[PDB]
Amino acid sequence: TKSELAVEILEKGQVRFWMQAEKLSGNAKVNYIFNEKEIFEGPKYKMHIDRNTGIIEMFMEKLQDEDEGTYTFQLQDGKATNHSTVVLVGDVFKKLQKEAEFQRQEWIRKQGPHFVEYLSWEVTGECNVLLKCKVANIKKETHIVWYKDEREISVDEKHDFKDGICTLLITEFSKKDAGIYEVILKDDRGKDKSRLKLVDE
């Protein structure tokens, strides 16, 4: 065994269980085990063996809570028999699960219109407040919608860009302008949201 069973998070948040054998014959057999029960290729687990490199892999799209536990690859090649086990319990499980969830959601988010910088505010002009954000992967069809307190606020609709700044000018800022501002980006590729609680005293 060149390396024992280990688990890492890949791009798109995929979960990769892998180990490396020094050598495989091409006639090797692997059994995959989770919490003392054999598991099989299908909608949940995908398995791969690369003969030349000795790499044996199992992939998952994400970790459900019930996926906490002990994983074993049982390897048989000729008379040689080995196993390698990883225990995914406690903090390591939580960390893997959260990292997978975060990376998967981030990859998805980025395939559509999304925020690069979330809402912030500045003062400009004659005591005005400008709300601003920075967005990316916008297309002509993308809807950009601004709200205060769940009520739409109309702005000029000129996003003749893919990446850029979106702003909302609040003229003569006063108490009536306090509230929860939101900007939604959306098209058939995805939806992203930003929020800003603007107070006045």
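The first residue of the shown sequence is 1; numbering continues from there.
Mean C-alpha B-factor is higher over 76-84 than over the other stretch, the pair under comparison being 76-84 and 127-135. In this entry, 149-157 has the higher mean Cα B-factor, the comparison being between 149-157 and 52-60. Sorting the modelled residues of the chain by their CA temperature factor places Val199 in the highest third. Remark: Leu168 belongs to the lowest third of its chain, ranked by C-alpha B-factor as recorded. Compared with the other modelled residues of the chain, the Cα B-factor recorded for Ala28 ranks in the highest third. Ranked by Cα temperature factor within the chain, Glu38 sits in the middle third according to the deposited record.
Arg16: CA B factor lies in the lowest third for its chain, per the PDB record.
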